[PDB]
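**Q** Sequence, then structure. It's an experimental one.
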Amino acid sequence: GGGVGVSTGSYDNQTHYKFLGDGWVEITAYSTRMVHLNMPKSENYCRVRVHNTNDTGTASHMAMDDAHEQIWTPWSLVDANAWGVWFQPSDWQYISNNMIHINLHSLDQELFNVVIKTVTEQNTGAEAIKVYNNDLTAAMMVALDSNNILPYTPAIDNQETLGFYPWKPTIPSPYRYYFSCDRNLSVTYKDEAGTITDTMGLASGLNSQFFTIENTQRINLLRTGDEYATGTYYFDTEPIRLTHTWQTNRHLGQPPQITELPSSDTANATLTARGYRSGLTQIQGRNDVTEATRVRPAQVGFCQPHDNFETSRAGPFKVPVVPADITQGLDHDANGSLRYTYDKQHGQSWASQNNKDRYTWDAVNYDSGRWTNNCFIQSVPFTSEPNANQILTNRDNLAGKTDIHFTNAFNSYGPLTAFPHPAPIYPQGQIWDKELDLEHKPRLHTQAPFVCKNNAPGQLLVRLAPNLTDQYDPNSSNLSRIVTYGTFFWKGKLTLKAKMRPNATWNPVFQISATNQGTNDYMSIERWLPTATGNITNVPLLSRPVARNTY
Amino acid sequence: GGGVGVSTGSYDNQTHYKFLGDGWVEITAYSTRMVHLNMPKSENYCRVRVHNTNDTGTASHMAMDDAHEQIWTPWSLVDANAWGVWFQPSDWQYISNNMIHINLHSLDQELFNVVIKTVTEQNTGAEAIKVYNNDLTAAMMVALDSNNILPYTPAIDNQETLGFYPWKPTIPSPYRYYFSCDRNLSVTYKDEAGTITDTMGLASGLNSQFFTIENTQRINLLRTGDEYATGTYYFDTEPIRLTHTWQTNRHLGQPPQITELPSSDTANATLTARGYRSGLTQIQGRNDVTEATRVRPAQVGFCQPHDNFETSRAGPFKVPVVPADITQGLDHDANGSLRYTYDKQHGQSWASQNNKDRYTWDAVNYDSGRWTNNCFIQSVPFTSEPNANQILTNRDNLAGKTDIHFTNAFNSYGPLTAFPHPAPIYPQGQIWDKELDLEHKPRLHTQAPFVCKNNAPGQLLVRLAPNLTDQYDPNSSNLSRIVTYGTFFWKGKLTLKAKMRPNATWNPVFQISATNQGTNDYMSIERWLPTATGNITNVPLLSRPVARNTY
Amino acid sequence: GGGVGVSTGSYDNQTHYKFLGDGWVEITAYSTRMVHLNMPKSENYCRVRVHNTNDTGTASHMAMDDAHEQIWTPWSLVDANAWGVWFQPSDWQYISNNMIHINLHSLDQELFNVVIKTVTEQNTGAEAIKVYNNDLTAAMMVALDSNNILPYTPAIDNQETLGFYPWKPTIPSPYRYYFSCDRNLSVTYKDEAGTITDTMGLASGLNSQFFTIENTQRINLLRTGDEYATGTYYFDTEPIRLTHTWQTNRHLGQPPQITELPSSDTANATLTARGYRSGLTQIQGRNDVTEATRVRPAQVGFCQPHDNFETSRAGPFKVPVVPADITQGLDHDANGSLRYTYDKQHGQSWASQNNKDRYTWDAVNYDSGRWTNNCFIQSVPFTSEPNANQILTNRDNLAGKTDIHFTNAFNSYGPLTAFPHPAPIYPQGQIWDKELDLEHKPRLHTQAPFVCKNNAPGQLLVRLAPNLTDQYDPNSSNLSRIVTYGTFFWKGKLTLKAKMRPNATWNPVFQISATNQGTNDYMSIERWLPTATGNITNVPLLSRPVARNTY
Ligand SMILES: CC(=O)N[C@@H]1[C@@H](O)[C@H](O[C@@H]2O[C@H](CO)[C@H](O)[C@H](O[C@]3(C(=O)O)C[C@H](O)[C@@H](NC(C)=O)[C@H]([C@H](O)[C@H](O)CO)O3)[C@H]2O)[C@@H](CO)O[C@H]1O
Ligand SMILES: CC(=O)N[C@@H]1[C@@H](O)[C@H](O[C@@H]2O[C@H](CO)[C@H](O)[C@H](O[C@]3(C(=O)O)C[C@H](O)[C@@H](NC(C)=O)[C@H]([C@H](O)[C@H](O)CO)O3)[C@H]2O)[C@@H](CO)O[C@H]1O
Ligand SMILES: CC(=O)N[C@@H]1[C@@H](O)[C@H](O[C@@H]2O[C@H](CO)[C@H](O)[C@H](O[C@]3(C(=O)O)C[C@H](O)[C@@H](NC(C)=O)[C@H]([C@H](O)[C@H](O)CO)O3)[C@H]2O)[C@@H](CO)O[C@H]1O
């Protein structure tokens, strides 16, 4: 039934595993959080712009332009989409070690045990004590967008998603969305003489969309005895593979046949002379077959233009880059490794004195990466031993500039390209993402493993209904209202399908394992353990431990 | 039943054609070979590396690096995948002339009439005669991988597939596969001062996969009376088109309307002045319509970076190139023509004194090729009669180098690109290939027309069970064993679906035809005929004789 | 049916996993070996004694006495009982990481493809070549003891079990058993004056048992077309736990309550003064409660007399010792760590030049160990700060001897004792063992995890039936016979029940993982990989990776 003094829900954060048959596992993850909600700092939708001239007013700073236009709303969203919400670290280990692939199934959400209190300040003076007491008749406004009418706004982008710690309360993210505005920002280099345009445009009758929660949604009013339940949402998605691929474009197919087995363990085997070797190559005019020049089924990974900034009406932005292995040469940006910035709630440690903590994720697929300094292009007709003019190296100055090299602007993507789909990032990463409404769609989104084919799971929006004092003028500019805050429990259930991996290999596979403290190894256990004062940290776990045969 | 002195199979190499209805033909190809098998030169799995410093130790030789790491196995594979196995030359003619498209259906395989003999050397001395006699109790080990657990290893890559001549015995290919290892090879040009790293890495706990036939498979033991039969495998593939496309990007759509018909056969027709011509173009600011500048539905073929070497962890390798027509300008590498190297068994001639024979296949689709020296890019705003600075030609030195030109690094592939699927190569070419296990897959593999969507046909592995002498120490390093070899018949049946072509054209179509000896024409008949001593040669037949309307 | 030239069996070494429901896994392990068998070096049962006086004739060498009495038999046994036979290393990893407990179910065995050959030496002289040819009518004698009438003789004790490598042939162990004889060996120390008895006794009419295979068994004669199959044997055993226990006797129960949480991460918490602390202790006369003196539910592990040699009629022998953790003080013998000696077939490496390889297994249960130097006994009435006479330390000379201390002779075993059951040793270790026929039985056998409650699986015995020349005198002392050897395939199927482990822990659990080469870590991958020449090694894997809560 429900009422004052009766709990409307239950607190379940534990995770379960059912084995449904051969190799098939149904993973059910319950997660629950206490959520703290403040009266919004304004009652009005607001259209605001940030234009930072201090940064962009002077040359070469283009990359730091923040200028944009957004709609600020009194509403706040509860966003459950990150991996760190749903699983505790060991669960991620257990899944990552034993399962070949995994897929989303369904999502449920509930809100219950709403509590709303009002603040009053008694004994005015040096003491200035605050008094807290329940308003039983106050309500909380709740809205879910099933039809995805509102702009879709993943909270993890800013790391505003619900915290990762079951026993720590968490806060919603205030809901906001971009608004169409035009920006002109000229391109300059350091200490260049000239003037920078650095302007923003007036509103566009064509492009302007202003949405209002109240007009687009059905809002449920929740008092204390009330509870809200989302229906069961079902994902339509492709499963993702949990095993990394080691197998490079030069490891494909049949190896050459050795002449004879080596005599000692230190010796190296020998091959038929490249002049006499049989095989298939696309090089013209030479009689040779070499492991490097032999034809392969397809291109694995591809060179990408990196630190590419392109400018449409909105301004400059960096082109995304498909995450790939940073090779032995370690260069991150060419292969587009991800770099996260996050706070204590999602990570870091309460021991840390820094405002944020930062981590750089490297792709775990050791095949498709590109090591640029060793890439080169050779002139035609092909020749052995090219001279300086017959080969283009990564040391070659492009357009007469020192630090720019063709690998910056070179794009090898083509019909023969094949690359692995990047991997989820356990504590911090976006589980699912909505697909763009464009006709021609990208092969994959960069940050999120899962993309909803038809309709994304809805966004859950909340605000406190305003409490008004005795004196209210509808025409007044300033609004006096009772100081009020509230708390409620958020609960959700996330079902996943996964399948155990086979092992055909003789040798032991690599695994995710804890390690003794006292060595600096990344897996040293204390990082997963509480401190004396209760400080705890949650750090990215490597994913896809087990190798797989690509071909 | 079976037993000593009873044949367990029959020898059928002939090909059949059923006409199932209108235009539909079911092609059934039987093929059989006598296979000679030697006792393996070692009993042990071996992990060996070839690292050739002599070639790579000195600068600019990067392209010839063979360095890799492989697992050597005592097992040998019987690989039936090439076109030259299944068909005799005339069959290929008959199919290639009359049929619009063709598709794989099913594959069967059998092993029968196993014969195993032992070798002993009598009368030791100058005579040193060898004696051959049957071991009736010896067995041959046979394993098929249906689940494709082992690394997939097409034998044609090295041209080790079963021979193309029904009456000549053939040998298996020894089975081997790559093993993960890291290589660092620096990039240098000729006579460059410096040092070359040229190193290889230690084994990787992450990436190491060592597979063993015995652990991954079910092995059947075959004595003389025994026979082995694979079940029927079914392909899921897309059919391939047997007719070439002539129609270039400038042949698409409606031609301009001529003013009037010419007066004489030598005269040329005239068109409405380009100033007054109606049409559609993407050039801004000019009032013109020209056959070159008019909009076309799509890009046919595309410029490709050619002699592109990219380096991942394994080392440098050449990026594959979609085969396209070499244009009148004949340049092969830009359009990525295939070049085969093969032996007498698969080709060449027993008359030849060379170790191998070589052939360069040119694409038969005359539309999508690119002739680079005539490609150019023009500055914006567009203008007629560009000056030297307003146009980028293929004579223009890129990065201040003589032999490198933008067409080397230029990549035009894009959403508007369309190209024909390359064509099978009759005597030597890979019929089917397994698809990579990556999430994002290439549009086509380069060498093989057919790609198995789900699960490739299994690989068939054989070895002789070891015969041990009286004295066997399990702990001894060296293994003494009876010299032994064996032979067996391999039989297979390959079913294909194909459809007769229509002919709507007035004029005669081109065909594949024999030609009298005494002229040097490529089709001169004697190349398909035996010699006096029995020497025979089998050479690539042109494919896709009949033209087709693309649009 | 069967016959010459028809294989009677199939070669399957692969392993399977079925998931039968929630958490339950049925593990089926097939294993197959080629077995090489020599004509026995004698046709007669022989009663032989080894009495080594050279070692025992001089004082203090008692520990090396080998003297005993055995019955030598022409028969040889095929013994499949070791872990290294049934699993490849990765399988052991996979099981050891994911499964809480495991139990035996059933065992099958088969013999097939018997091949028997005869040896003759042709061309007598410097060449002296050997000729090998089949004897089709020769037979091999096969006997299985289901009723366990013969003395039970695990082959792993001497490491004579079938090899661990599927692709390497292996040899049987010659069957033999002890025979009752009495030995008198006096006890002496180094350089002690006196005489050593060092005698052995005459046969005992009471105790003499001489068994003969032919009289106790049904022997099957196997020619080439013959095959032999054991029925399905079923184990009755208790499952064993795959998770180690960390929880010491001082970790049991509720911890004391701290006064307050510490201020900083470096600080230590404080407890209520031991004078005022509540609790339960068995110490009389003192008002205290200390973590060391508080009562615990039971004793975990116990002190054991170590290097204890006791002598019955047969001679001196070391008393077995329950394997327990060697503590930080590392002392192995007090806690009875196992030490294995094994050859290339079962281990070591073909790279090794030593005759054998040796490994010392440490218990993986970190609770029940004893660190002796820190054990002590304190006088009664109890007191704080004991003087020298009030405490017995491990530095205290017992019986006026330097190196003997009470922990040598001290035995703490009692009703309150509890200890974990030791763990299987993957490459080398005894899977099952037969229970002694005594009325009062040990709680556990030391080497073997599993003990058959009722009737052990039978022992499989083989020999070659003798081939006689033309001249045979039954009364002759020497027996001339045809040199003959044979080979056959052994196949077996071992079914196991196991259950997946839950994980409730926040932190990541420890796992068995491969590790990159180049660091000396025990798990460095290359030890599981073949060498260039095919040398391979198989080393003990740590077991029971995952911790468990004892109480
Ligand atoms: C390229 C090179 O060899 N540089 C060296 C190196 O010593 C160092 O690089 C940086 O060193 C400090 C930390 O020692 C930086 O903080 C960078 O590390 C951080 C980061 O900010 O990205 C912080 C911290 O070390 C790590 N952990 C956390 C919880 O923040 C993370 C994390 O491990 C990475 O994401 C892993 O990729 O990285 C680090 O790059 C420079 C000094 O700048 O000095 C050179 O000698
Ligand atoms: C570019 C040019 O005009 N070059 C000419 C030309 O005369 C010649 O080119 C090469 O000539 C010899 C043979 O005359 C080479 O052997 C090349 O031909 C081969 C090859 O090795 O690729 C061998 C042989 O002629 C052909 N047949 C067989 C069975 O091997 C094959 C085959 O026809 C090709 O694959 C067809 O594309 O080609 C040939 O390229 C050079 C000398 O190098 O001299 C210039 O004047
Ligand atoms: C007690 C102490 O600190 N002793 C050290 C130590 O350096 C060393 O102890 C012995 O060292 C050699 C090898 O370095 C011995 O061979 C012993 O190791 C062996 C063994 O024989 O038991 C051999 C080898 O190192 C290991 N592996 C194999 C495949 O044989 C095995 C195995 O790791 C053990 O079973 C693990 O417990 O151990 C080793 O005890 C002595 C020299 O005797 O020197 C002192 O400084």
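**A** Received, thanks. Numbering: from 1, shown residues only, chains lettered A, B, ... in the order given. Ligands and ions are numbered 1, 2, ... in the order given.

**Q** Next up, phi/psi of residue A:92, please.
**A** Backbone torsions for residue A:92, taken as degrees, to the nearest 10, come to phi -60, psi -40.

**Q** roughly how far apart are it and residue A:514?
**A** 13 Å (C-beta to C-beta, to the nearest Å). C-betas here are computed from N, CA, C, even on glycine.

**Q** Have a look at those two and say which one is more surrounded.
**A** The neighbour comparison of residue A:92 against residue A:514 (other C-beta atoms under 10 Å in any protein chain shown) goes to residue A:514, with 24 against 20.

**Q** so the more buried one sits right up against residue C:512, yeah?
**A** No. If you go by C-beta atoms under 8 Å, residue A:514 and residue C:512 don't touch, sitting 11.8 Å apart.

**Q** For chain B, tell me whether the helix or strand where residue A:93 lies is touching it.
**A** For residue A:93, the host element (DSSP states H and E) is helix A:89-98. No. Residues of helix A:89-98 contacting chain B under C-beta under 8 Å from any C-beta of the partner chain: none, with a closest distance of 13.4 Å.

**Q** Report the angle between that helix and helix C:89-98.
**A** 160 degrees (axes from the mean of the first three to the mean of the last three C-alpha atoms, to 10 degrees).

**Q** which residues sit against helix A:89-98?
**A** Contacts with helix A:89-98, where a contact means C-beta atoms under 8 Å, 6 or more residues apart in numbering or on different chains, come from A:15, A:27, A:29, A:83, A:87, A:102, A:242, A:426-427, A:498, A:500-501, A:511-512, A:528, A:538, A:541, A:543-546, C:97-98, C:503, C:505-509, C:511.

**Q** any idea how far the residue nearest to residue A:321 when sequence neighbours are not counted is from ligand 3?
**A** Nearest residue to residue A:321, sequence neighbours excluded (C-beta to C-beta, 6 or more residues apart in numbering or on different chains): residue A:336, at 2.9 Å. Going from residue A:336 to ligand 3 by C-beta to the nearest ligand atom, to the nearest Å gives 44 Å.

**Q** Run the chain-centre distance for the helix holding residue A:93.
**A** Averaging C-alpha positions (C-alpha atoms, centre = their mean, to the nearest Å) puts helix A:89-98 19 Å from its chain's average.

**Q** Show me which of the contacts of helix A:89-98 are buried.
**A** Neighbour counting with 16 or more other C-beta atoms under 10 Å in any protein chain shown marks A:15, A:27, A:29, A:83, A:87, A:102, A:242, A:426-427, A:498, A:500-501, A:511-512, A:528, A:538, A:541, A:543-546, C:97-98, C:503, C:505, C:507-509, C:511 as buried within the contacts of helix A:89-98.

**Q** burial count for residue A:251?
**A** Considering only other C-beta under 10 Å, residue A:251 is surrounded by 31 other residues.

**Q** And for the residue in the stretch 451-551 of chain A that ligand 1 sits nearest to, the neighbour number?
**A** Across the stretch 451-551 of chain A, the shortest distance to ligand 1 (C-beta to the nearest ligand atom) belongs to residue A:539, at 5.8 Å. Under the neighbour criterion other C-beta under 10 Å, residue A:539 is assigned a count of 17.

**Q** Please name the residues that touch it.
**A** A:347, A:359, A:427, A:527.

**Q** picking up where we left off before, now, which of the contacts of helix A:89-98 lie within helices?
**A** The members of these that map onto helices under DSSP state H are A:83, C:97, C:98.

**Q** any idea which of those is closest to ligand 1?
**A** For the ones in helices among the contacts of helix A:89-98, the nearest to ligand 1 is residue A:83 (17.2 Å; C-beta to the nearest ligand atom).

**Q** hang on, the closest one packs against residue A:431?
**A** Yes. Look at residue A:83 against residue A:431 with C-beta under 8 Å: they come within range, at 5.8 Å.

**Q** Mind listing the shared neighbours of the two?
**A** residue A:424.

**Q** if we can go back for a sec, what residues sit buried inside the helix holding residue A:93?
**A** By neighbour count with 16+ other C-beta under 10 Å, helix A:89-98 contains the buried residues A:89, A:90, A:91, A:92, A:93, A:94, A:95, A:96, A:97, A:98.

**Q** With just CA atoms, put it into CSV.
**A** In CSV, the C-alpha atoms belonging to helix A:89-98 read as follows (Å, rounded to 0.1, in the frame of the first residue of the first chain):
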residue,chain,number,x,y,z
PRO,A,89,35.9,-5.1,-8.8
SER,A,90,36.1,-8.8,-8.2
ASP,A,91,33.0,-9.4,-10.3
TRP,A,92,34.8,-7.6,-13.2
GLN,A,93,37.8,-9.9,-12.7
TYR,A,94,35.6,-13.0,-12.6
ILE,A,95,33.8,-12.0,-15.8
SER,A,96,36.9,-10.8,-17.6
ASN,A,97,38.8,-13.9,-17.0
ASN,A,98,36.3,-16.6,-17.8
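
**Q** of the buried residues of helix A:89-98, closest to residue B:438?
**A** Checking those against residue B:438 with C-beta to C-beta, the nearest one is residue A:96 at 19.2 Å.

**Q** The stretch 101-250 of chain A: helices as residue ranges?
**A** Taking DSSP state H, counting those that start in this stretch, the helices of the stretch 101-250 of chain A run over residues A:213-216.

**Q** Kindly apply the preceding question to the stretch 401-550 of chain A instead.
**A** A:406-409.

**Q** before we move on, which element is the closest residue to ligand 1 within chain A in?
**A** Ranking the residues of chain A by distance to ligand 1 (C-beta to the nearest ligand atom) places residue A:360 first, at 3.4 Å. Using DSSP H and E, residue A:360 maps to strand A:357-361.

**Q** List of residues touching the helix or strand just after that strand?
**A** Under the assignment DSSP H and E, the closest C-terminal helix or strand after strand A:357-361 is strand A:376-378. Residues outside strand A:376-378 that contact it (C-beta under 8 Å, 6+ apart) are A:386, A:390-394, A:406, B:62-63, B:187, B:305, B:307-309, B:316, B:404, B:408-409.
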